[PDB]
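*Asks:* Sharing a structure with you now.
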Amino acid sequence: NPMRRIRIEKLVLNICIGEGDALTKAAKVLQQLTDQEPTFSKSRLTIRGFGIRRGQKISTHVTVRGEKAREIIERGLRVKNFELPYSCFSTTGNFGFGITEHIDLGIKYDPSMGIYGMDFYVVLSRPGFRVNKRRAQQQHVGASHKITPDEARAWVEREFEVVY
Amino acid sequence: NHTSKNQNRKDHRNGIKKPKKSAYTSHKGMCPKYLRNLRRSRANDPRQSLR
Amino acid sequence: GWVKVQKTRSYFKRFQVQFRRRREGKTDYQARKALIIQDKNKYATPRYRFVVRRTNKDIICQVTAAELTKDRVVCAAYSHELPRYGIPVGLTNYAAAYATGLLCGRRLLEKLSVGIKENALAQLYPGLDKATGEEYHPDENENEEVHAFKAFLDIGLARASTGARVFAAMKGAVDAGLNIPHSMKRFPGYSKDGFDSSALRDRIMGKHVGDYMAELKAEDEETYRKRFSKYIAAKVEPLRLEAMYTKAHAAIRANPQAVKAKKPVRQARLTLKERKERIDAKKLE
Amino acid sequence: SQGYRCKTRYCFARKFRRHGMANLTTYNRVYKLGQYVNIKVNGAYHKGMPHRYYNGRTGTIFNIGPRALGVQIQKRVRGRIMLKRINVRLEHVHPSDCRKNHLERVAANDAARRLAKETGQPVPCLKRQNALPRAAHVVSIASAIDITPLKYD
Amino acid sequence: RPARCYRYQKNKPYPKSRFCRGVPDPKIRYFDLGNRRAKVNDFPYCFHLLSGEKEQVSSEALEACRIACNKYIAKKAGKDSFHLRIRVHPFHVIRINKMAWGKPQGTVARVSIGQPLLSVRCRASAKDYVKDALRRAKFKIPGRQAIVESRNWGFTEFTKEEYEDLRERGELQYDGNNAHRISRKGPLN
RNA sequence: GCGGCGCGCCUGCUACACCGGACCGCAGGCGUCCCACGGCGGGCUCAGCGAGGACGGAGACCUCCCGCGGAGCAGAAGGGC
RNA sequence: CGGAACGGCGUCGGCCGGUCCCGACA
RNA sequence: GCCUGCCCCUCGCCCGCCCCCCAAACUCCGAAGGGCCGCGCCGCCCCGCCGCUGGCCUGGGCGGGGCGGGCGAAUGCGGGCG
RNA sequence: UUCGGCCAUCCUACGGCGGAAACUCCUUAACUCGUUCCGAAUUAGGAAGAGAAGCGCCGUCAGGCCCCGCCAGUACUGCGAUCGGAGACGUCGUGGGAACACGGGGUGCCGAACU
């Protein structure tokens with residue numbers, strides 16, 4: 001069925017800096033890569049070991065969707081050498097990898113910016129995944145329609161030719 | 001410090017008295033708008049004891 | 001590894017199912033209660049709701065009195081019926097919604113009027129004949145004696161936004177004389193202290209689609225053929241959309257009365273003995 | 001301590017799987033002055049709440065008002081029954097039956113008199129009866145079962 | 001303080017909770033004794049010490065009764081031939097007004113008349129000695145307690161005859177030291 | 001007398017299923033705090049498992065899943081959502 | 001003969017099992 | 001078994017299934033027992049009134065006739081009011 | 001289908017089977033509006049696809065939920081006892097009578113408008 005074809009719903013890149021100058025400068029790196037403004041996520045607790053105080057923005061994230069997602073996912077996967085661990089596939093079907101630095105994407109390093117890693121998470125969807133998102137008649141996606149971890153590896157090997 | 005022995009006997013000696021009949025049809029606590037209309041309707045009918 | 005089962009016998013024993021129409025996702029009972037509520041001193045006199053529901057292919061405006069065990073739909077007009085009135089395509093667009101609403105108002109007022117068939121009713125409240133969006137409130141402009149039929153909009157789970165199609169139908173029945181309470185702030189043309197009666201009539205007449213259709217044809221004819229295939233097949237020219245809807249608004253006013261225009265197999269459920277054998281077949285292994 | 005909702009843990013608490021909002025029949029039931037209503041509090045609805053005493057008390061409607069009903073309840077204080085007029089919101093009042101046996105009986109009592117005017121001249125007694133003695137019967141003892149007290153275990 | 005005093009019920013069940021903070025721990029801490037890991041078929045004969053009075057047995061009595069029972073059947077046979085279960089647990093706290101509300105001191109098991117108090121699961125070798133050990137326990141416990149032999153197999157609820165038919169078909173399911181039926185409900189797989 | 005303060009009030013209990021019921025009987029509160037921590041409309045889902053994601057570990061943060069509320073709602077407790 | 005846990009081969013009445021003309025080694 | 005190993009053997013550990021015993025401040029349940037209320041003036045047809053209600057000619061209240069009727073558990077017993 | 005009533009005999013999990021119409025998924029951001037960021041939602045504009053889901057059915061020694069049995073005249077308990085017992089407990093009238101287990105059998109139905 002053409003209605004059972006997997007796709008990339010979204011790519012969420014998180015830079016968990018854990019300094020505000022640093023946080024904002026990582027927002028700029030996310031902004032340049034995705035072209036959409038990132039949102040900041042606040043601390044949910046105070047931990048002295050991690051040097052974190054509650055109520056302080058600790059991380060930045062941008063939800064990149066569409067062909068821009070496919071482009072960034074490909075650039076990031078190439079940094080990994082198109083090698084993705086076999087475990088990183090979740091029981092829900094989604095998978096993710098983390099890169100260190102931003103120059104490996106190809107964004108030129110500028111002394112104006114700093115050097116920082118991105119945690120790339122990729123969510124996979126099938127046509128019909130809006131039934132658990134609609135305000136009216138929100139219903140859970142049927143188990144058959146739902147993507148399986150193995151059937152997600154199959155889709156990603158075909159698409160970016162990644163090897164486990 | 002407290003007793004209820006003989007309270008009930010006393011209550012039913014000549015008691016459990018019903019609450020009159022006036023209270024049943026009283027207009028205290030009824031809606032002002034209902035009451036004003038009831039006065040208007042009886043007043044404009046030939047039933048009304050108007051001069 | 002070994003994890004707890006969140007859905008145990010206990011979870012199921014203590015679970016309270018929500019109301020069917022909430023579980024279905026069809027109804028919000030907070031809104032419903034407030035729309036349905038009448039003061040007790042008004043007794044059983046019916047309170048009427050103007051329910052507007054939008055499907056993938058249709059807009060249905062329904063006037064619905066609430067009863068004790070049922071909801072009575074006094075009159076309903078569906079956008080599927082609008083090609084009888086000359087709108088052959090875009091039957092879910094803003095202009096269609098205004099006309100489906102206009103059909104609802106005219107049909108209801110006329111059904112009530114055929115009850116008087118004499119002095120004052122659907123004639124006492126004629127409705128705006130032209131469709132300028134110009135802040136018409138038929139309820140209290142004049143009234144006296146007979147009063148404008150009053151209904152309250154039930155948008156439903158639809159989000160009330162400036163430019164929503166739910167408002168279009170409401171302006172539409174207000175333009176057929178139904179009194180529906182409004183503010184003209186969620187209808188196109190409103191800013192701060194002023195309301196432009198042209199911008200409301202531009203969407204109500206189809207200008208937004210006409211401009212897109214023409215722009216798509218000029219910039220990329222290939223997209224125009226794919227995006228507006230039915231419109232092109234129905235020979236609907238964009239710079240003629242305003243007259244098509246203007247004559248549909250006239251037609252709906254003239255003849256609101258509505259013409260009244262299988263079974264799947266459902267394999268039979270097994271009787272107990274058949275299941276009592278089916279387990280035995282599985283059991284014999 | 002004796003606050004308004006003292007000793008109410010088990011009476012103003014929702015029923016096992018009857019928690020949450022209420023059937024909308026509560027707000028669409030039409031009541032008329034003089035109607036018998038049963039006061040049963042709802043924990044979820046707090047405005048218009050009768051005191052614990054009022055729970056389980058039948059009464060008549062004296063005022064039909066916007067939003068709330070006025071109910072006259074005969075409360076026994078000491079040696080006096082006092083009429084107490086309480087205004088309750090719709091969530092706590094239920095149309096009482098109370099006179100449902102009588103209203104049906106009065107109607108069926110009319111039926112025999114209507115049949116007297118029509119065919120079926122003899123009129124049945126319409127006074128209710130309290131059981132009366134069992135009367136004479138003939139019982140077949142052919143299949144009598146001899147029951148016996150038995151040994152102790 | 002004597003058990004000639006706290007024997008009778010004069011306080012409603014008072015558990016060890018947020019209402020009974022800092023409570024004295026019970027003298028009886030071991031309730032399953034003997035071969036507790038022995039299987040159901042190993043020990044067919046079961047015996048009980050019942051109560052002839054509704055009273056409150058102290059944890060001191062329940063513990064003295066336990067040492068007495070075990071030592072005897074283990075010196076007479078083995079610590080591997082019987083399973084001894086204290087069938088009453090000391091969950092009621094007893095109060096003393098030390099020198100007017102009493103401080104929490106001591107724990108009493110409020111036994112009921114006709115209630116198992118001590119059960120033994122034994123092999124054929126110790127059938128002779130069990131009623132003797134349970135007799136020694138009787139002196140340690142207050143009241144007219146009364147010994148009995150259960151006409152049921154093991155600590156299970158199946159009668160000795162009932163066990164045989166189910167075991168012969170295989171309906172009887174072996175469940176550690178106890179046993180239950182195979183069940184005709186649930187997914188067939 | 002000392003000591004308290006069931007000297008005015010509030011929650012669950014003893015309290016005996018309408019109501020009512022006691023004790024220097026049982027476990028606790030109150031004398032405040034807040035122009036938002038208020039009103040109102042919208043949108044939202046909570047605590048969390050389970051799996052998954054550079055530094056990242058037990059706990060920093062980002063995702064999906066199922067989530068009867070197991071969170072929250074200023075401050076006692078019990079109801080309520 | 002207020003009275004208990006416990007004793008009694010005091011005496012009557014029961015309940016449940018074992019042996020005995022294969023005499024309860026001759 | 002081995003440079004060491006998760007190459008592992010057993011326990012604590014989690015998860016399921018059982019089981020001994022529980023609660024004044026636990027309840028899926030739920031008595032006995034008690035409570036509140038009802039057990040007579042019913043229909044049918046019109047007609048009057050109202051600043052109240054309402055899309056209406058709708059209700060709802062309070063009246064006024066007329067018409068088919070009729071006193072509808074037991075047992076005791078005159079009740080009320082200053 | 002839209003609106004409802006009562007709110008599990010309707011829920012939950014998995015497995016099928018089905019769509020002409022309807023519903024949905026769907027397909028685009030010129031406009032409108034909309035996203036701590038994101039057309040995911042939502043708003044608007046569509047019609048190229050589709051039963052893969054949601055939904056409609058049917059399953060499943062299914063869980064739960066419902067119903068009738070049985071438990072059991074049991075447990076408890078109203079009234080009377082110069083009843084027993086040293087008591088705490090129990091009988092005997094004479095009236096009420098559960099519950100958990102366990103066994104079987106079920107698995108929404110109604111009222112408006114439209115098609």
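In the structure tokens, chains take the letters A, B, ... in the order shown, each chain's residues start at 1, and ligands count up from 1 in the order shown.
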Within 8 Å of segment 54-57 of chain H, counting only C-alpha atoms (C1' of nucleotides), which residues show up once you throw out same-chain ones fewer than 6 positions away? Write them as a PDB file with N, CA, C and O atoms, in the first residue's frame, please.
*Replies:*
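Below you can see out_21.pdb, which holds the result:
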```
ATOM      1  N   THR C  45     -38.917  25.575  27.490  1.00  0.00           N
ATOM      2  CA  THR C  45     -38.944  26.338  26.219  1.00  0.00           C
ATOM      3  C   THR C  45     -37.656  25.961  25.513  1.00  0.00           C
ATOM      4  O   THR C  45     -36.621  25.968  26.181  1.00  0.00           O
ATOM      5  N   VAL C 146     -43.098  39.757  16.981  1.00  0.00           N
ATOM      6  CA  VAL C 146     -42.301  38.563  16.568  1.00  0.00           C
ATOM      7  C   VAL C 146     -40.813  38.907  16.685  1.00  0.00           C
ATOM      8  O   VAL C 146     -40.456  40.043  16.385  1.00  0.00           O
ATOM      9  N   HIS C 147     -39.978  37.963  17.124  1.00  0.00           N
ATOM     10  CA  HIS C 147     -38.544  38.267  17.372  1.00  0.00           C
ATOM     11  C   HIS C 147     -37.682  37.359  16.506  1.00  0.00           C
ATOM     12  O   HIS C 147     -38.201  36.348  16.024  1.00  0.00           O
ATOM     13  N   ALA C 148     -36.433  37.749  16.271  1.00  0.00           N
ATOM     14  CA  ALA C 148     -35.553  36.981  15.366  1.00  0.00           C
ATOM     15  C   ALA C 148     -35.223  35.617  15.962  1.00  0.00           C
ATOM     16  O   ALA C 148     -34.887  35.587  17.148  1.00  0.00           O
ATOM     17  N   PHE C 149     -35.267  34.541  15.168  1.00  0.00           N
ATOM     18  CA  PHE C 149     -35.044  33.215  15.790  1.00  0.00           C
ATOM     19  C   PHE C 149     -33.636  33.209  16.367  1.00  0.00           C
ATOM     20  O   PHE C 149     -32.709  33.602  15.656  1.00  0.00           O
ATOM     21  N   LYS C 150     -33.489  32.794  17.620  1.00  0.00           N
ATOM     22  CA  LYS C 150     -32.182  32.952  18.290  1.00  0.00           C
ATOM     23  C   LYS C 150     -31.482  31.612  18.387  1.00  0.00           C
ATOM     24  O   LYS C 150     -32.094  30.674  18.906  1.00  0.00           O
TER      25      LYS C 150
END
```
*Asks:* Kindly provide, as a PyMOL selection string, the residues of chain C having any atom no farther than 9 Å from an atom of chain H, counting only C-alpha atoms (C1' of nucleotides).
*Replies:* chain C and resi 1-4+13-14+41-45+109+112+116+121+146-150
*Asks:* Select all residues from chain D having any atom no more than 7 Å from an atom of chain C (counting only C-alpha atoms, ignoring ligands), output as a compact mmCIF listing (two decimals) with C-alpha atoms, in the first residue's frame.
*Replies:*
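Result written to out-v5.txt:
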```txt
# COMPACT_ATOMS: atom_id res chain seq x y z
CA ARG D 17 -16.49 4.64 38.79
CA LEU D 24 -26.20 16.75 31.38
CA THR D 25 -29.76 15.54 32.21
CA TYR D 27 -29.08 20.62 33.80
CA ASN D 28 -31.88 19.72 31.30
CA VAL D 30 -37.51 20.54 33.98
CA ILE D 64 -37.78 27.73 40.64
CA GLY D 65 -35.02 30.30 40.14
CA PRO D 66 -32.22 30.91 37.64
CA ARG D 67 -29.34 28.41 38.29
```
*Asks:* Quick one, how far is atom CA of residue 100 of chain A from atom CA of residue 19 of chain A?
*Replies:*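 A separation of 18.1 Å between them.
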*Asks:* With chain C as the partner and 12 Å as the cut-off, tabulate the residues of chain B that qualify, each row holding the nearest pair of atoms and their distance in Å to one decimal, using only C-alpha atoms, sorted by chain and rising number, as JSON lines.
*Replies:*
```
{"residue": "B:30", "atom": "CA", "partner": "C:41", "partner_atom": "CA", "distance": 11.9}
{"residue": "B:31", "atom": "CA", "partner": "C:41", "partner_atom": "CA", "distance": 9.6}
{"residue": "B:33", "atom": "CA", "partner": "C:41", "partner_atom": "CA", "distance": 10.0}
{"residue": "B:34", "atom": "CA", "partner": "C:41", "partner_atom": "CA", "distance": 8.9}
```
*Asks:* Selection from above, N, CA and C atoms, as a PDB file, in the first residue's frame, can you write it?
*Replies:*
```
ATOM      1  N   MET B  30     -38.810  33.435  47.907  1.00  0.00           N
ATOM      2  CA  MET B  30     -39.236  33.192  46.507  1.00  0.00           C
ATOM      3  C   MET B  30     -38.637  34.261  45.587  1.00  0.00           C
ATOM      4  N   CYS B  31     -38.559  33.989  44.285  1.00  0.00           N
ATOM      5  CA  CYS B  31     -37.893  34.908  43.330  1.00  0.00           C
ATOM      6  C   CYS B  31     -38.643  36.225  43.278  1.00  0.00           C
ATOM      7  N   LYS B  33     -38.867  38.313  40.948  1.00  0.00           N
ATOM      8  CA  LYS B  33     -39.558  38.441  39.640  1.00  0.00           C
ATOM      9  C   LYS B  33     -40.854  37.617  39.603  1.00  0.00           C
ATOM     10  N   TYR B  34     -40.858  36.410  40.160  1.00  0.00           N
ATOM     11  CA  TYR B  34     -42.102  35.606  40.235  1.00  0.00           C
ATOM     12  C   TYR B  34     -43.113  36.364  41.081  1.00  0.00           C
TER      13      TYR B  34
END
```
*Asks:* Go through chain B residue by residue and, counting only C-alpha atoms (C1' of nucleotides), keep those with an atom at most 10 Å from chain F; for each kept residue give the shortest atom pair and its distance in Å to one decimal, ordered by chain and increasing number, as a tab-separated table.
*Replies:*
```
residue	atom	partner	partner_atom	distance
B:1	CA	F:22	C1'	7.2
B:2	CA	F:22	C1'	6.6
B:3	CA	F:22	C1'	8.4
B:4	CA	F:21	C1'	7.9
```
*Asks:* Mind dumping the selected residues with N, CA and C atoms as a tab-separated table (two decimals), in the first residue's frame?
*Replies:*
```tsv
chain	number	residue	atom	x	y	z
B	1	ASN	N	-19.97	15.21	81.29
B	1	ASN	CA	-20.10	16.63	80.91
B	1	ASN	C	-21.34	16.78	80.03
B	2	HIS	N	-21.89	15.67	79.52
B	2	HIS	CA	-23.02	15.85	78.58
B	2	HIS	C	-23.92	14.63	78.68
B	3	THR	N	-25.23	14.78	78.54
B	3	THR	CA	-26.11	13.59	78.48
B	3	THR	C	-27.27	13.86	77.52
B	4	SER	N	-27.78	12.81	76.89
B	4	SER	CA	-28.96	12.95	76.00
B	4	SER	C	-30.03	12.01	76.55
```
*Asks:* Compute the set of chain C residues within 6 Å of chain I, using only C-alpha atoms (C1' of nucleotides), and express it as number ranges by chain.
*Replies:* C: 12, 19, 69-73, 163, 208, 212, 266
*Asks:* So, counting only C-alpha atoms, which residue among B:37, B:49, B:25, B:44 is closest to chain D?
*Replies:*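 Nearest to chain D: B:25.
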*Asks:* Which residues of chain E are close to chain F, meaning at most 10 Å apart when you count only C-alpha atoms (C1' of nucleotides), and how do they look as a list in words?
*Replies:*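 Here is what falls inside 10 Å: residues 12, 18, 19, 20, 100 and 101 of chain E.
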*Asks:* Please provide the set of residues having any atom within 12 Å of residue 18 of chain B, restricted to only C-alpha atoms (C1' of nucleotides), with same-chain residues fewer than 3 positions apart removed, written as a list in words.
*Replies:*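 These residues fall inside the cut-off: residues 14, 15, 21, 22, 23 and 24 of chain B; 74, 75, 76, 77, 79, 80, 81, 82 and 83 of chain D; 80 of chain H.
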*Asks:* Go ahead and write the residues just picked, N, CA and C atoms (P, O5', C5', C4', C3', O3' and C1' of nucleotides), as a PDB file, in the first residue's frame.
*Replies:*
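File written: result32.pdb
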```pdb
ATOM      1  N   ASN B  14     -45.351  15.926  74.214  1.00  0.00           N
ATOM      2  CA  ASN B  14     -46.551  16.471  73.530  1.00  0.00           C
ATOM      3  C   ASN B  14     -45.999  17.000  72.230  1.00  0.00           C
ATOM      4  N   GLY B  15     -45.031  16.298  71.654  1.00  0.00           N
ATOM      5  CA  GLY B  15     -44.298  16.915  70.541  1.00  0.00           C
ATOM      6  C   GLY B  15     -44.291  16.283  69.177  1.00  0.00           C
ATOM      7  N   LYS B  21     -49.232  25.743  58.726  1.00  0.00           N
ATOM      8  CA  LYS B  21     -49.543  25.587  57.292  1.00  0.00           C
ATOM      9  C   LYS B  21     -49.141  26.888  56.626  1.00  0.00           C
ATOM     10  N   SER B  22     -48.831  27.877  57.443  1.00  0.00           N
ATOM     11  CA  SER B  22     -48.533  29.192  56.850  1.00  0.00           C
ATOM     12  C   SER B  22     -47.154  29.087  56.228  1.00  0.00           C
ATOM     13  N   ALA B  23     -46.232  28.434  56.927  1.00  0.00           N
ATOM     14  CA  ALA B  23     -44.833  28.319  56.467  1.00  0.00           C
ATOM     15  C   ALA B  23     -44.776  27.622  55.111  1.00  0.00           C
ATOM     16  N   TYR B  24     -45.643  26.645  54.908  1.00  0.00           N
ATOM     17  CA  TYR B  24     -45.606  25.866  53.659  1.00  0.00           C
ATOM     18  C   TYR B  24     -45.821  26.767  52.438  1.00  0.00           C
TER      19      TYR B  24
ATOM     20  N   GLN D  74     -38.518  19.388  55.835  1.00  0.00           N
ATOM     21  CA  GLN D  74     -39.013  19.416  57.230  1.00  0.00           C
ATOM     22  C   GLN D  74     -37.963  18.799  58.152  1.00  0.00           C
ATOM     23  N   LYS D  75     -37.147  19.620  58.809  1.00  0.00           N
ATOM     24  CA  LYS D  75     -36.085  19.131  59.716  1.00  0.00           C
ATOM     25  C   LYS D  75     -36.616  19.049  61.146  1.00  0.00           C
ATOM     26  N   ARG D  76     -36.491  17.898  61.811  1.00  0.00           N
ATOM     27  CA  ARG D  76     -36.909  17.769  63.224  1.00  0.00           C
ATOM     28  C   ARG D  76     -35.831  18.336  64.136  1.00  0.00           C
ATOM     29  N   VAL D  77     -36.143  19.396  64.872  1.00  0.00           N
ATOM     30  CA  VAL D  77     -35.193  19.929  65.883  1.00  0.00           C
ATOM     31  C   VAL D  77     -35.899  19.743  67.220  1.00  0.00           C
ATOM     32  N   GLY D  79     -38.368  18.936  69.779  1.00  0.00           N
ATOM     33  CA  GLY D  79     -39.769  18.482  69.686  1.00  0.00           C
ATOM     34  C   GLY D  79     -40.535  19.176  68.586  1.00  0.00           C
ATOM     35  N   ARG D  80     -39.840  19.812  67.659  1.00  0.00           N
ATOM     36  CA  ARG D  80     -40.510  20.613  66.617  1.00  0.00           C
ATOM     37  C   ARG D  80     -40.030  20.198  65.236  1.00  0.00           C
ATOM     38  N   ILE D  81     -40.936  20.010  64.278  1.00  0.00           N
ATOM     39  CA  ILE D  81     -40.512  19.791  62.867  1.00  0.00           C
ATOM     40  C   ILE D  81     -40.476  21.196  62.271  1.00  0.00           C
ATOM     41  N   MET D  82     -39.337  21.636  61.753  1.00  0.00           N
ATOM     42  CA  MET D  82     -39.195  23.027  61.246  1.00  0.00           C
ATOM     43  C   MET D  82     -39.056  22.963  59.731  1.00  0.00           C
ATOM     44  N   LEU D  83     -39.766  23.813  58.997  1.00  0.00           N
ATOM     45  CA  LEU D  83     -39.571  23.839  57.530  1.00  0.00           C
ATOM     46  C   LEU D  83     -38.306  24.630  57.262  1.00  0.00           C
TER      47      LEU D  83
ATOM     48  P     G H  80     -52.729  18.222  67.914  1.00  0.00           P
ATOM     49  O5'   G H  80     -52.614  19.784  67.581  1.00  0.00           O
ATOM     50  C5'   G H  80     -52.496  20.159  66.190  1.00  0.00           C
ATOM     51  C4'   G H  80     -53.251  21.439  65.945  1.00  0.00           C
ATOM     52  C3'   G H  80     -52.792  22.654  66.747  1.00  0.00           C
ATOM     53  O3'   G H  80     -51.611  23.233  66.213  1.00  0.00           O
ATOM     54  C1'   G H  80     -55.131  22.532  66.800  1.00  0.00           C
TER      55        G H  80
END
```
*Asks:* May I ask you to extract the residues of chain H within 8 Å of chain B, using only C-alpha atoms (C1' of nucleotides), and to give them as a list in words?
*Replies:*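 Listing them in order of chain and number gives residues 48, 49, 50, 52, 61, 62 and 63 of chain H.
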*Asks:* Pick the closest to chain I from A:120, A:160, A:40, A:82: which is it, counting only C-alpha atoms (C1' of nucleotides)?
*Replies:*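 When distances to chain I are compared using only C-alpha atoms (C1' of nucleotides), the smallest one comes from A:40.
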*Asks:* Please determine the contact residues of chain I with respect to chain E at a cut-off of 12 Å, counting only C-alpha atoms (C1' of nucleotides), and supply them as a PyMOL selection string.
*Replies:* chain I and resi 14+60-63+85+87-90+103
*Asks:* Counting only C-alpha atoms, collect the residues of chain C whose closest atom lies at most 10 Å from chain A, and write them out as a ChimeraX atom specification.
*Replies:* /C:21-28,156-159
*Asks:* Write a file of the selected residues as a short mmCIF file (atom, residue, chain, number, x, y, z; two decimals), in the first residue's frame, keeping C-alpha atoms.
*Replies:*
```
data_model
loop_
_atom_site.label_atom_id
_atom_site.label_comp_id
_atom_site.auth_asym_id
_atom_site.auth_seq_id
_atom_site.Cartn_x
_atom_site.Cartn_y
_atom_site.Cartn_z
CA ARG C 21 -18.93 11.09 22.66
CA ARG C 22 -15.81 12.31 24.57
CA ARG C 23 -14.07 8.89 24.12
CA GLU C 24 -15.03 9.12 20.42
CA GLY C 25 -13.55 12.67 20.47
CA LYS C 26 -16.68 14.08 18.85
CA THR C 27 -17.97 16.24 21.80
CA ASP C 28 -16.59 18.62 24.52
CA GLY C 156 -17.13 22.47 18.33
CA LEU C 157 -13.48 21.42 18.48
CA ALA C 158 -12.84 23.93 15.65
CA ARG C 159 -10.43 26.68 16.68
#
```
*Asks:* Using DSSP on the backbone, list every residue of segment 5-142 of chain A that comes out as alpha helix (DSSP H), and give them as number ranges by chain.
*Replies:* A: 20-34, 67-79
*Asks:* May I have the residues of chain F within 7 Å of chain D, counting only C-alpha atoms (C1' of nucleotides), written as a ChimeraX atom specification?
*Replies:* /F:10,19,78-80
*Asks:* Write the residues of the selection above to a file with N, CA, C and O atoms (P, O5', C5', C4', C3', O3' and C1' of nucleotides), as a PDB file, in the first residue's frame.
*Replies:*
```
ATOM      1  P     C F  10     -15.182  24.939  63.261  1.00  0.00           P
ATOM      2  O5'   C F  10     -14.196  24.190  62.263  1.00  0.00           O
ATOM      3  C5'   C F  10     -13.641  24.886  61.139  1.00  0.00           C
ATOM      4  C4'   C F  10     -12.409  24.183  60.637  1.00  0.00           C
ATOM      5  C3'   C F  10     -12.430  22.672  60.717  1.00  0.00           C
ATOM      6  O3'   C F  10     -13.183  22.125  59.650  1.00  0.00           O
ATOM      7  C1'   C F  10     -10.315  23.478  61.403  1.00  0.00           C
ATOM      8  P     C F  19     -25.588  11.078  59.458  1.00  0.00           P
ATOM      9  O5'   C F  19     -26.554  12.097  60.199  1.00  0.00           O
ATOM     10  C5'   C F  19     -26.578  13.501  59.908  1.00  0.00           C
ATOM     11  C4'   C F  19     -27.526  14.169  60.870  1.00  0.00           C
ATOM     12  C3'   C F  19     -26.972  14.403  62.262  1.00  0.00           C
ATOM     13  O3'   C F  19     -26.146  15.565  62.405  1.00  0.00           O
ATOM     14  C1'   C F  19     -29.105  13.426  62.447  1.00  0.00           C
ATOM     15  P     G F  78      -5.346  12.216  54.626  1.00  0.00           P
ATOM     16  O5'   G F  78      -6.854  12.147  54.119  1.00  0.00           O
ATOM     17  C5'   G F  78      -7.862  11.753  55.066  1.00  0.00           C
ATOM     18  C4'   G F  78      -9.158  12.419  54.694  1.00  0.00           C
ATOM     19  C3'   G F  78      -9.498  12.472  53.208  1.00  0.00           C
ATOM     20  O3'   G F  78      -9.861  11.188  52.728  1.00  0.00           O
ATOM     21  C1'   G F  78     -10.030  14.521  54.229  1.00  0.00           C
ATOM     22  P     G F  79     -10.115  10.963  51.182  1.00  0.00           P
ATOM     23  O5'   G F  79     -11.634  11.441  50.985  1.00  0.00           O
ATOM     24  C5'   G F  79     -12.170  11.565  49.657  1.00  0.00           C
ATOM     25  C4'   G F  79     -13.101  12.748  49.625  1.00  0.00           C
ATOM     26  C3'   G F  79     -13.219  13.469  48.283  1.00  0.00           C
ATOM     27  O3'   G F  79     -14.096  12.822  47.377  1.00  0.00           O
ATOM     28  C1'   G F  79     -12.858  15.051  49.944  1.00  0.00           C
ATOM     29  P     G F  80     -13.579  12.238  45.969  1.00  0.00           P
ATOM     30  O5'   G F  80     -13.757  13.466  44.962  1.00  0.00           O
ATOM     31  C5'   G F  80     -14.865  14.365  45.163  1.00  0.00           C
ATOM     32  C4'   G F  80     -14.537  15.672  44.498  1.00  0.00           C
ATOM     33  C3'   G F  80     -13.771  15.559  43.183  1.00  0.00           C
ATOM     34  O3'   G F  80     -14.660  15.392  42.096  1.00  0.00           O
ATOM     35  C1'   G F  80     -12.763  17.186  44.541  1.00  0.00           C
TER      36        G F  80
END
```
*Asks:* In Å, rounded to a single decimal, give me how far atom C1' of residue 62 of chain F is from atom CA of residue 36 of chain A.
*Replies:*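 Atom CA of residue 36 of chain A sits 16.9 Å away from atom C1' of residue 62 of chain F.
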*Asks:* Mind running chain D against chain H at 8 Å and telling me each contacting residue's nearest atom pair with the distance in Å (one decimal), counting only C-alpha atoms (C1' of nucleotides), chain and number ascending, as a tab-separated table?
*Replies:*
```
residue	atom	partner	partner_atom	distance
D:56	CA	H:36	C1'	6.4
D:57	CA	H:36	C1'	4.7
D:58	CA	H:37	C1'	5.2
D:59	CA	H:37	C1'	7.1
D:98	CA	H:38	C1'	4.9
D:99	CA	H:38	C1'	5.0
D:102	CA	H:39	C1'	6.3
D:106	CA	H:42	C1'	6.6
D:107	CA	H:42	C1'	6.9
D:109	CA	H:72	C1'	7.3
D:110	CA	H:42	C1'	7.1
D:113	CA	H:69	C1'	7.9
D:126	CA	H:72	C1'	5.3
D:127	CA	H:72	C1'	4.5
D:128	CA	H:73	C1'	5.0
D:129	CA	H:73	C1'	5.8
D:130	CA	H:73	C1'	6.4
```
